[PDB]
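A.B. asks: File final.csv below, CSV, N, CA and C atoms:
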chain,number,residue,atom,x,y,z
X,1,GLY,N,71.2,142.7,77.2
X,1,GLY,CA,69.8,142.3,76.9
X,1,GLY,C,69.1,141.9,78.1
X,2,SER,N,68.7,142.9,78.9
X,2,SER,CA,68.0,142.6,80.2
X,2,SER,C,68.8,141.8,81.1
X,3,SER,N,70.1,142.1,81.2
X,3,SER,CA,71.0,141.3,82.1
X,3,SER,C,71.8,142.2,83.0
X,4,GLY,N,71.6,142.1,84.3
X,4,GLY,CA,72.3,142.9,85.3
X,4,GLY,C,71.3,143.6,86.2
X,5,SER,N,70.6,142.8,87.0
X,5,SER,CA,69.6,143.4,87.9
X,5,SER,C,69.8,142.8,89.3
X,6,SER,N,69.9,143.7,90.3
X,6,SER,CA,70.1,143.3,91.7
X,6,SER,C,69.2,144.1,92.7
X,7,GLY,N,68.5,143.3,93.5
X,7,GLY,CA,67.6,143.9,94.5
X,7,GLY,C,66.9,145.1,93.9
X,8,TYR,N,66.1,144.9,92.9
X,8,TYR,CA,65.3,145.9,92.2
X,8,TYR,C,63.8,145.7,92.4
X,9,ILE,N,63.1,146.7,92.8
X,9,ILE,CA,61.7,146.6,93.0
X,9,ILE,C,60.9,147.8,92.3
X,10,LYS,N,59.7,147.5,91.8
X,10,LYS,CA,58.9,148.5,91.1
X,10,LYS,C,58.0,149.2,92.1
X,11,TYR,N,58.3,150.5,92.3
X,11,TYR,CA,57.5,151.3,93.2
X,11,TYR,C,56.2,151.8,92.5
X,12,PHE,N,55.2,152.2,93.3
X,12,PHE,CA,53.9,152.6,92.8
X,12,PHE,C,53.4,153.8,93.6
X,13,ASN,N,52.9,154.8,92.8
X,13,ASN,CA,52.3,156.0,93.5
X,13,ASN,C,51.0,155.8,94.1
X,14,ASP,N,50.4,156.8,94.7
X,14,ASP,CA,49.1,156.7,95.3
X,14,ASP,C,48.0,156.7,94.2
X,15,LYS,N,48.3,157.2,93.0
X,15,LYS,CA,47.3,157.2,92.0
X,15,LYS,C,47.6,156.1,90.9
X,16,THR,N,48.9,156.1,90.5
X,16,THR,CA,49.3,155.1,89.5
X,16,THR,C,49.0,153.7,90.0
X,17,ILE,N,49.2,153.4,91.3
X,17,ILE,CA,49.0,152.1,91.9
X,17,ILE,C,47.7,151.5,91.4
X,18,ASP,N,46.8,152.4,90.9
X,18,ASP,CA,45.5,151.9,90.4
X,18,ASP,C,45.6,151.6,89.0
X,19,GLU,N,45.9,152.5,88.1
X,19,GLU,CA,46.1,152.4,86.7
X,19,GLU,C,46.9,151.1,86.4
X,20,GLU,N,48.0,151.0,87.1
X,20,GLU,CA,48.9,149.8,86.9
X,20,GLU,C,48.2,148.5,87.2
X,21,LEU,N,47.6,148.4,88.4
X,21,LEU,CA,46.9,147.2,88.8
X,21,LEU,C,45.6,147.0,87.9
X,22,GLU,N,45.3,148.0,87.1
X,22,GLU,CA,44.2,147.9,86.2
X,22,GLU,C,44.6,147.4,84.8
X,23,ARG,N,45.9,147.6,84.5
X,23,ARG,CA,46.4,147.1,83.2
X,23,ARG,C,47.0,145.8,83.3
X,24,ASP,N,47.2,145.3,84.5
X,24,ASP,CA,47.9,144.1,84.8
X,24,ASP,C,47.0,143.2,85.7
X,25,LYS,N,45.7,143.5,85.7
X,25,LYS,CA,44.7,142.7,86.4
X,25,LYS,C,45.0,141.2,86.4
X,26,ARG,N,44.7,140.6,85.2
X,26,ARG,CA,44.9,139.2,85.0
X,26,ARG,C,46.2,138.7,85.6
X,27,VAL,N,47.2,139.6,85.7
X,27,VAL,CA,48.5,139.3,86.3
X,27,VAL,C,48.5,139.6,87.8
X,28,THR,N,49.1,138.7,88.5
X,28,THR,CA,49.2,138.9,90.0
X,28,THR,C,50.2,139.9,90.4
X,29,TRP,N,49.9,140.7,91.4
X,29,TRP,CA,50.8,141.7,91.9
X,29,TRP,C,50.8,141.7,93.4
X,30,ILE,N,52.0,141.8,94.0
X,30,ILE,CA,52.2,141.8,95.4
X,30,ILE,C,52.9,143.1,95.9
X,31,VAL,N,52.1,143.9,96.5
X,31,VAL,CA,52.6,145.2,97.0
X,31,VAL,C,52.8,145.2,98.5
X,32,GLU,N,54.0,145.6,99.0
X,32,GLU,CA,54.3,145.6,100.4
X,32,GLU,C,54.2,147.0,101.0
X,33,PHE,N,53.2,147.2,101.9
X,33,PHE,CA,52.9,148.4,102.5
X,33,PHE,C,53.7,148.6,103.7
X,34,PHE,N,54.7,149.5,103.7
X,34,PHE,CA,55.6,149.7,104.8
X,34,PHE,C,55.7,151.2,105.1
X,35,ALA,N,56.2,151.6,106.3
X,35,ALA,CA,56.4,153.0,106.6
X,35,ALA,C,57.8,153.3,106.8
X,36,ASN,N,58.2,154.6,106.5
X,36,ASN,CA,59.6,155.0,106.6
X,36,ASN,C,60.0,155.0,108.0
X,37,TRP,N,59.1,155.1,109.0
X,37,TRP,CA,59.5,155.0,110.4
X,37,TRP,C,59.3,153.6,110.9
X,38,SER,N,59.1,152.6,110.0
X,38,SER,CA,58.9,151.3,110.4
X,38,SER,C,60.2,150.6,110.7
X,39,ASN,N,60.6,150.4,111.9
X,39,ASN,CA,61.8,149.7,112.3
X,39,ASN,C,61.8,148.2,111.9
X,40,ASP,N,60.7,147.6,112.4
X,40,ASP,CA,60.6,146.1,112.2
X,40,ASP,C,60.7,145.8,110.7
X,41,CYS,N,60.5,146.8,109.9
X,41,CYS,CA,60.6,146.6,108.4
X,41,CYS,C,62.0,146.4,108.0
X,42,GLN,N,63.0,147.0,108.7
X,42,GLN,CA,64.4,146.9,108.4
X,42,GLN,C,64.8,145.5,108.4
X,43,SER,N,64.2,144.7,109.2
X,43,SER,CA,64.5,143.2,109.3
X,43,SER,C,64.0,142.5,108.1
X,44,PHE,N,63.0,143.1,107.4
X,44,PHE,CA,62.5,142.5,106.2
X,44,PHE,C,63.1,143.1,104.9
X,45,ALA,N,63.7,144.2,105.1
X,45,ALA,CA,64.4,144.9,104.0
X,45,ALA,C,65.1,143.9,103.1
X,46,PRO,N,66.0,143.1,103.6
X,46,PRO,CA,66.8,142.1,102.9
X,46,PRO,C,65.9,140.9,102.5
X,47,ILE,N,65.0,140.5,103.4
X,47,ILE,CA,64.1,139.4,103.2
X,47,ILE,C,63.3,139.6,101.9
X,48,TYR,N,62.6,140.7,101.9
X,48,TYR,CA,61.7,140.9,100.7
X,48,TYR,C,62.6,141.0,99.4
X,49,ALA,N,63.7,141.7,99.5
X,49,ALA,CA,64.6,141.8,98.3
X,49,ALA,C,64.9,140.5,97.7
X,50,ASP,N,65.3,139.6,98.6
X,50,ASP,CA,65.7,138.2,98.2
X,50,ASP,C,64.5,137.5,97.5
X,51,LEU,N,63.3,137.6,98.2
X,51,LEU,CA,62.1,137.0,97.6
X,51,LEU,C,61.8,137.5,96.2
X,52,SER,N,61.6,138.8,96.1
X,52,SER,CA,61.3,139.4,94.9
X,52,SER,C,62.2,138.9,93.8
X,53,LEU,N,63.5,139.2,93.9
X,53,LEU,CA,64.5,138.7,92.9
X,53,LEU,C,64.2,137.3,92.5
X,54,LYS,N,63.8,136.5,93.4
X,54,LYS,CA,63.5,135.1,93.1
X,54,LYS,C,62.3,135.0,92.2
X,55,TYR,N,61.2,135.5,92.6
X,55,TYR,CA,59.9,135.5,91.9
X,55,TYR,C,59.9,136.7,90.9
X,56,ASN,N,61.0,137.3,90.6
X,56,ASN,CA,61.1,138.4,89.7
X,56,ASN,C,61.4,137.9,88.3
X,57,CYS,N,60.3,137.4,87.7
X,57,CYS,CA,60.4,136.9,86.3
X,57,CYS,C,59.0,137.1,85.6
X,58,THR,N,58.9,136.6,84.4
X,58,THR,CA,57.7,136.7,83.6
X,58,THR,C,56.6,136.0,84.2
X,59,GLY,N,55.6,136.8,84.8
X,59,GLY,CA,54.5,136.2,85.4
X,59,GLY,C,54.1,136.9,86.7
X,60,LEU,N,54.9,136.8,87.7
X,60,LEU,CA,54.7,137.5,89.0
X,60,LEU,C,55.6,138.7,89.1
X,61,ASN,N,55.0,139.8,89.6
X,61,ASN,CA,55.8,141.1,89.8
X,61,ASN,C,55.7,141.5,91.2
X,62,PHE,N,56.7,142.3,91.7
X,62,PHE,CA,56.8,142.7,93.0
X,62,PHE,C,56.8,144.3,93.1
X,63,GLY,N,56.2,144.8,94.1
X,63,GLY,CA,56.1,146.3,94.2
X,63,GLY,C,56.2,146.7,95.7
X,64,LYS,N,56.3,148.0,95.9
X,64,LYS,CA,56.4,148.6,97.2
X,64,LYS,C,55.9,150.0,97.3
X,65,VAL,N,55.0,150.3,98.2
X,65,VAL,CA,54.4,151.6,98.4
X,65,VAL,C,54.5,152.1,99.8
X,66,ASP,N,55.5,153.0,100.1
X,66,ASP,CA,55.6,153.5,101.4
X,66,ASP,C,54.4,154.2,101.9
X,67,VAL,N,53.6,153.6,102.8
X,67,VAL,CA,52.4,154.1,103.3
X,67,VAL,C,52.6,155.1,104.4
X,68,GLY,N,53.7,154.8,105.2
X,68,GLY,CA,54.0,155.7,106.3
X,68,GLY,C,54.0,157.2,105.9
X,69,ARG,N,54.1,157.5,104.6
X,69,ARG,CA,54.0,158.8,104.1
X,69,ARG,C,52.8,159.0,103.2
X,70,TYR,N,52.5,158.0,102.5
X,70,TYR,CA,51.3,158.1,101.6
X,70,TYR,C,50.0,157.9,102.3
X,71,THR,N,49.6,158.8,103.1
X,71,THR,CA,48.4,158.7,103.9
X,71,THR,C,47.2,158.6,103.0
X,72,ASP,N,47.4,158.9,101.7
X,72,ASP,CA,46.3,158.8,100.7
X,72,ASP,C,46.0,157.4,100.4
X,73,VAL,N,47.1,156.5,100.4
X,73,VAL,CA,47.0,155.1,100.1
X,73,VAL,C,46.5,154.3,101.3
X,74,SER,N,47.3,154.3,102.4
X,74,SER,CA,46.9,153.6,103.6
X,74,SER,C,45.4,153.8,103.9
X,75,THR,N,44.9,155.0,103.9
X,75,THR,CA,43.5,155.3,104.2
X,75,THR,C,42.6,154.6,103.2
X,76,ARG,N,43.1,154.5,101.9
X,76,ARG,CA,42.3,153.8,100.9
X,76,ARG,C,42.4,152.3,101.0
X,77,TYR,N,43.5,151.8,101.6
X,77,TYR,CA,43.7,150.4,101.8
X,77,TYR,C,43.5,150.0,103.2
X,78,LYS,N,42.7,150.8,104.0
X,78,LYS,CA,42.5,150.5,105.4
X,78,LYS,C,43.7,150.0,106.1
X,79,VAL,N,44.8,150.7,105.9
X,79,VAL,CA,46.1,150.2,106.5
X,79,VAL,C,46.5,151.3,107.6
X,80,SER,N,46.2,151.0,108.8
X,80,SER,CA,46.6,151.9,109.9
X,80,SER,C,48.1,152.1,109.9
X,81,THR,N,48.4,153.4,110.1
X,81,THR,CA,49.8,153.8,110.1
X,81,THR,C,50.3,154.3,111.4
X,82,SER,N,49.9,153.5,112.5
X,82,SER,CA,50.3,153.9,113.8
X,82,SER,C,51.4,153.0,114.4
X,83,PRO,N,52.3,153.6,115.2
X,83,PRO,CA,53.5,152.9,115.8
X,83,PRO,C,53.0,151.9,116.8
X,84,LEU,N,51.8,151.8,117.1
X,84,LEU,CA,51.2,150.8,118.0
X,84,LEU,C,50.6,149.6,117.3
X,85,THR,N,49.8,149.9,116.3
X,85,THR,CA,49.1,148.9,115.5
X,85,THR,C,50.1,147.9,114.9
X,86,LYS,N,49.6,146.8,114.3
X,86,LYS,CA,50.5,145.8,113.7
X,86,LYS,C,50.2,145.6,112.2
X,87,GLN,N,49.9,146.8,111.6
X,87,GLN,CA,49.6,146.8,110.2
X,87,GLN,C,50.8,147.2,109.3
X,88,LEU,N,52.0,147.0,109.9
X,88,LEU,CA,53.2,147.4,109.3
X,88,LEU,C,54.4,146.6,109.8
X,89,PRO,N,55.1,145.9,108.8
X,89,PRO,CA,54.8,146.0,107.4
X,89,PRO,C,53.5,145.2,107.1
X,90,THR,N,53.1,145.3,105.8
X,90,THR,CA,51.9,144.6,105.4
X,90,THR,C,52.0,144.1,104.0
X,91,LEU,N,51.4,142.9,103.7
X,91,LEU,CA,51.5,142.3,102.4
X,91,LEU,C,50.0,142.0,101.9
X,92,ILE,N,49.8,142.3,100.6
X,92,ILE,CA,48.5,142.1,100.0
X,92,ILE,C,48.7,141.4,98.6
X,93,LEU,N,47.9,140.3,98.4
X,93,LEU,CA,47.9,139.6,97.1
X,93,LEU,C,46.8,140.0,96.2
X,94,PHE,N,47.0,140.5,95.0
X,94,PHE,CA,46.0,140.9,94.1
X,94,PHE,C,46.0,140.0,92.9
X,95,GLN,N,44.8,139.3,92.7
X,95,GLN,CA,44.7,138.4,91.5
X,95,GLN,C,43.5,138.8,90.7
X,96,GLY,N,43.8,139.3,89.5
X,96,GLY,CA,42.8,139.7,88.5
X,96,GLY,C,42.1,141.0,89.0
X,97,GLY,N,42.8,141.8,89.7
X,97,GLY,CA,42.3,143.1,90.2
X,97,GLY,C,41.4,142.9,91.4
X,98,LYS,N,41.6,141.8,92.2
X,98,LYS,CA,40.9,141.5,93.4
X,98,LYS,C,41.8,141.1,94.5
X,99,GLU,N,41.5,141.7,95.7
X,99,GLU,CA,42.3,141.4,96.9
X,99,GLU,C,42.1,140.0,97.3
X,100,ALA,N,43.0,139.1,96.8
X,100,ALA,CA,42.9,137.7,97.1
X,100,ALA,C,43.0,137.4,98.6
X,101,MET,N,44.0,138.0,99.2
X,101,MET,CA,44.3,137.8,100.6
X,101,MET,C,45.3,138.9,101.1
X,102,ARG,N,45.4,139.0,102.4
X,102,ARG,CA,46.3,140.0,103.0
X,102,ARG,C,46.7,139.5,104.4
X,103,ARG,N,47.9,140.0,104.9
X,103,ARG,CA,48.4,139.6,106.2
X,103,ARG,C,49.1,140.8,106.8
X,104,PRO,N,49.0,140.9,108.2
X,104,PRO,CA,48.2,140.0,109.0
X,104,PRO,C,46.7,140.2,108.8
X,105,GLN,N,46.0,139.2,109.1
X,105,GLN,CA,44.5,139.2,108.9
X,105,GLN,C,43.9,140.1,109.9
X,106,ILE,N,42.8,140.7,109.6
X,106,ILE,CA,42.1,141.6,110.5
X,106,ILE,C,40.9,140.9,111.2
X,107,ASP,N,40.8,141.0,112.5
X,107,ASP,CA,39.8,140.3,113.2
X,107,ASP,C,38.5,141.0,113.1
X,108,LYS,N,37.4,140.4,113.5
X,108,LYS,CA,36.0,141.0,113.4
X,108,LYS,C,36.0,142.4,113.9
X,109,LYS,N,36.4,142.5,115.2
X,109,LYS,CA,36.5,143.8,115.9
X,109,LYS,C,37.2,144.8,115.0
X,110,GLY,N,38.4,144.4,114.5
X,110,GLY,CA,39.2,145.3,113.7
X,110,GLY,C,40.6,145.5,114.2
X,111,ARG,N,41.2,144.3,114.5
X,111,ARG,CA,42.6,144.3,115.0
X,111,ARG,C,43.4,143.3,114.2
X,112,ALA,N,44.7,143.7,113.9
X,112,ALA,CA,45.6,142.9,113.2
X,112,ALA,C,46.0,141.7,114.0
X,113,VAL,N,45.8,140.5,113.5
X,113,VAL,CA,46.2,139.3,114.2
X,113,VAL,C,47.7,139.1,114.3
X,114,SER,N,48.2,138.8,115.5
X,114,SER,CA,49.6,138.6,115.7
X,114,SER,C,50.2,137.5,114.9
X,115,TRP,N,50.7,137.8,113.7
X,115,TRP,CA,51.2,136.8,112.8
X,115,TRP,C,52.7,137.0,112.6
X,116,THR,N,53.5,135.9,112.5
X,116,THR,CA,54.9,136.0,112.4
X,116,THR,C,55.3,136.4,111.0
X,117,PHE,N,56.4,137.2,110.9
X,117,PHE,CA,56.8,137.7,109.6
X,117,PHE,C,58.1,137.0,109.2
X,118,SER,N,58.0,136.0,108.3
X,118,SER,CA,59.1,135.3,107.8
X,118,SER,C,58.9,134.8,106.4
X,119,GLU,N,60.0,134.5,105.7
X,119,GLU,CA,60.0,134.0,104.3
X,119,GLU,C,59.2,132.7,104.2
X,120,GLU,N,59.5,131.8,105.2
X,120,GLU,CA,58.9,130.5,105.2
X,120,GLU,C,57.3,130.6,105.4
X,121,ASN,N,56.9,131.5,106.2
X,121,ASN,CA,55.5,131.8,106.5
X,121,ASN,C,54.9,132.5,105.3
X,122,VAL,N,55.6,133.5,104.7
X,122,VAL,CA,55.1,134.2,103.6
X,122,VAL,C,54.9,133.4,102.4
X,123,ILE,N,56.0,132.7,102.0
X,123,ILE,CA,55.9,131.8,100.8
X,123,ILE,C,54.8,130.8,100.9
X,124,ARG,N,54.6,130.2,102.1
X,124,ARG,CA,53.6,129.2,102.4
X,124,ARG,C,52.2,129.9,102.4
X,125,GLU,N,52.0,130.8,103.3
X,125,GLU,CA,50.7,131.5,103.4
X,125,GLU,C,50.3,132.0,102.0
X,126,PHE,N,51.1,132.8,101.3
X,126,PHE,CA,50.8,133.3,100.0
X,126,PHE,C,50.9,132.2,98.9
X,127,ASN,N,51.7,131.1,99.3
X,127,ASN,CA,51.9,130.0,98.4
X,127,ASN,C,52.6,130.5,97.1
X,128,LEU,N,53.5,131.4,97.3
X,128,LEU,CA,54.3,131.9,96.2
X,128,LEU,C,54.8,130.8,95.3
X,129,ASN,N,55.6,129.9,95.9
X,129,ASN,CA,56.2,128.8,95.2
X,129,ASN,C,55.2,128.2,94.2
X,130,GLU,N,53.9,128.2,94.6
X,130,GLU,CA,52.8,127.7,93.8
X,130,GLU,C,52.4,128.7,92.7
X,131,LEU,N,52.2,129.9,93.2
X,131,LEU,CA,51.7,131.0,92.3
X,131,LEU,C,52.6,131.0,91.0
X,132,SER,N,53.8,131.5,91.2
X,132,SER,CA,54.8,131.6,90.1
X,132,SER,C,55.5,130.3,89.9
X,133,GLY,N,54.8,129.2,89.9
X,133,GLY,CA,55.3,127.9,89.7
X,133,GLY,C,56.5,127.6,90.6
X,134,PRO,N,56.9,126.3,90.7
X,134,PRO,CA,58.0,125.9,91.6
X,134,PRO,C,59.4,126.5,91.1
X,135,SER,N,60.3,126.5,92.1
X,135,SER,CA,61.6,127.1,91.8
X,135,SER,C,62.3,126.2,90.8
X,136,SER,N,62.4,124.9,91.1
X,136,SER,CA,63.1,123.9,90.2
X,136,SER,C,62.9,124.3,88.8
X,137,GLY,N,64.0,124.4,88.0
X,137,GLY,CA,63.9,124.7,86.6
X,137,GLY,C,62.9,123.9,85.9
If you took the structure in this file and wrote it as structure tokens, what would it be?
C.D. replies:
Amino acid sequence: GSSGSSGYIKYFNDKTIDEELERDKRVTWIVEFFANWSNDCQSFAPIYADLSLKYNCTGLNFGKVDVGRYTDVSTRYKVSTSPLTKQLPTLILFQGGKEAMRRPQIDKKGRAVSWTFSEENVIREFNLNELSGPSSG
């Protein structure tokens, strides 16, 4: 009865990513935009997995959309897919069908601010522990 899940994430297409976020608006959704050629992402591979599983319950959901290949998405989400830029990996918080916040933040000119990528920083910045309530039972 829904027992036996390990490191499982819900992927989204370039088109569905919309319909889905449209039927779960009221519900918060966190999609991680990463590229197949993103090495720095490998270090997060396990990090994200651990996080999701934690906040993987009734209320908050986790997703992943490889932009490195889905040029149709990145372009729509103004997510540069260059090996030089710092828009990969990337995290975006959607609340009620609205981009609550994203990181790293984009400067006025149009450059990704050098932000550290860690669980402590993510949970805090995004305030996950607060979003999907505290961990403590």
A.B. asks: Within 5 Å of range 11-28 of chain X, counting only N, CA and C atoms, which residues show up once you throw out same-chain ones fewer than 4 positions away? Write them as a ChimeraX atom specification, please.
C.D. replies: /X:61,64,94-97
A.B. asks: Contacts of residue 8 in chain X at 8 Å or less, counting all atoms listed in the file, minus same-chain residues fewer than 6 places along, as a PyMOL selection string?
C.D. replies: chain X and resi 49-50+52-53+62-63
A.B. asks: Could you tell me which of X:10, X:108, X:69, X:54 comes closest to residue 36 in chain X if we count all atoms listed in the file?
C.D. replies: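 The closest residue to residue 36 in chain X is X:69.
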A.B. asks: From a DSSP pass on the backbone, collect the residues of range 22-121 of chain X flagged as strand (DSSP E) and hand them back as a PyMOL selection string.
C.D. replies: chain X and resi 29-33+61-64+90-94+99-103
A.B. asks: Please compute the CA of residue 113 in chain X-CA of residue 60 in chain X distance, one decimal, in Å.
C.D. replies: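 Separation between CA of residue 113 in chain X and CA of residue 60 in chain X: 26.7 Å.
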A.B. asks: Would you work out the distance separating atom N of residue 102 in chain X from CA of residue 43 in chain X, expressed in Å to one decimal?
C.D. replies: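 CA of residue 43 in chain X lies 20.7 Å from atom N of residue 102 in chain X.
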A.B. asks: Between X:40, X:90, X:29, X:34, which has the minimum distance to residue 67 in chain X (counting only N, CA and C atoms)?
C.D. replies: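 With only N, CA and C atoms as the atom set, the closest residue is X:34.
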A.B. asks: Could you jot down the CA of residue 130 in chain X to CA of residue 42 in chain X separation for me, Å, one decimal place?
C.D. replies: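 These atoms are spaced 26.8 Å apart.
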A.B. asks: For each of X:103, X:124, X:109, X:86, take the minimum atom-to-atom distance to residue 38 in chain X, counting only C-alpha atoms, then give the residue where this is smallest.
C.D. replies: X:86
A.B. asks: Ranking X:47, X:112, X:122, X:128 by minimum distance to residue 79 in chain X and counting only C-alpha atoms, which one comes first?
C.D. replies: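 For residue 79 in chain X, the nearest of the given residues is X:112.
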A.B. asks: N, CA, C and O atoms are needed for range 51-69 of chain X; please write them out as a short mmCIF file (atom, residue, chain, number, x, y, z; two decimals), keeping the file's coordinate frame.
C.D. replies:
data_model
loop_
_atom_site.label_atom_id
_atom_site.label_comp_id
_atom_site.auth_asym_id
_atom_site.auth_seq_id
_atom_site.Cartn_x
_atom_site.Cartn_y
_atom_site.Cartn_z
N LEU X 51 63.30 137.60 98.20
CA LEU X 51 62.10 137.00 97.60
C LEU X 51 61.80 137.50 96.20
O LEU X 51 61.84 136.76 95.25
N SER X 52 61.60 138.80 96.10
CA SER X 52 61.30 139.40 94.90
C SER X 52 62.20 138.90 93.80
O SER X 52 61.76 138.30 92.79
N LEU X 53 63.50 139.20 93.90
CA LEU X 53 64.50 138.70 92.90
C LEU X 53 64.20 137.30 92.50
O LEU X 53 64.31 137.01 91.28
N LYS X 54 63.80 136.50 93.40
CA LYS X 54 63.50 135.10 93.10
C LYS X 54 62.30 135.00 92.20
O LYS X 54 62.34 134.43 91.08
N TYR X 55 61.20 135.50 92.60
CA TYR X 55 59.90 135.50 91.90
C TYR X 55 59.90 136.70 90.90
O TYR X 55 58.83 137.02 90.33
N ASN X 56 61.00 137.30 90.60
CA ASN X 56 61.10 138.40 89.70
C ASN X 56 61.40 137.90 88.30
O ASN X 56 62.46 137.98 87.73
N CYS X 57 60.30 137.40 87.70
CA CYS X 57 60.40 136.90 86.30
C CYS X 57 59.00 137.10 85.60
O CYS X 57 58.09 137.67 86.14
N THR X 58 58.90 136.60 84.40
CA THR X 58 57.70 136.70 83.60
C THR X 58 56.60 136.00 84.20
O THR X 58 56.50 134.77 84.26
N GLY X 59 55.60 136.80 84.80
CA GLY X 59 54.50 136.20 85.40
C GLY X 59 54.10 136.90 86.70
O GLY X 59 53.03 137.60 86.73
N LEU X 60 54.90 136.80 87.70
CA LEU X 60 54.70 137.50 89.00
C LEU X 60 55.60 138.70 89.10
O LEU X 60 56.78 138.65 88.88
N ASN X 61 55.00 139.80 89.60
CA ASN X 61 55.80 141.10 89.80
C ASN X 61 55.70 141.50 91.20
O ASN X 61 54.77 141.15 91.96
N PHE X 62 56.70 142.30 91.70
CA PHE X 62 56.80 142.70 93.00
C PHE X 62 56.80 144.30 93.10
O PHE X 62 57.35 144.92 92.20
N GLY X 63 56.20 144.80 94.10
CA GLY X 63 56.10 146.30 94.20
C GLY X 63 56.20 146.70 95.70
O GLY X 63 56.12 145.91 96.60
N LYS X 64 56.30 148.00 95.90
CA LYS X 64 56.40 148.60 97.20
C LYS X 64 55.90 150.00 97.30
O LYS X 64 56.28 150.86 96.44
N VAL X 65 55.00 150.30 98.20
CA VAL X 65 54.40 151.60 98.40
C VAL X 65 54.50 152.10 99.80
O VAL X 65 53.66 151.72 100.63
N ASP X 66 55.50 153.00 100.10
CA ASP X 66 55.60 153.50 101.40
C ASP X 66 54.40 154.20 101.90
O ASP X 66 54.09 155.34 101.49
N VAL X 67 53.60 153.60 102.80
CA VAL X 67 52.40 154.10 103.30
C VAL X 67 52.60 155.10 104.40
O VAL X 67 51.94 156.11 104.57
N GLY X 68 53.70 154.80 105.20
CA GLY X 68 54.00 155.70 106.30
C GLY X 68 54.00 157.20 105.90
O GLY X 68 53.85 158.03 106.79
N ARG X 69 54.10 157.50 104.60
CA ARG X 69 54.00 158.80 104.10
C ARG X 69 52.80 159.00 103.20
O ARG X 69 52.23 160.12 103.25
#
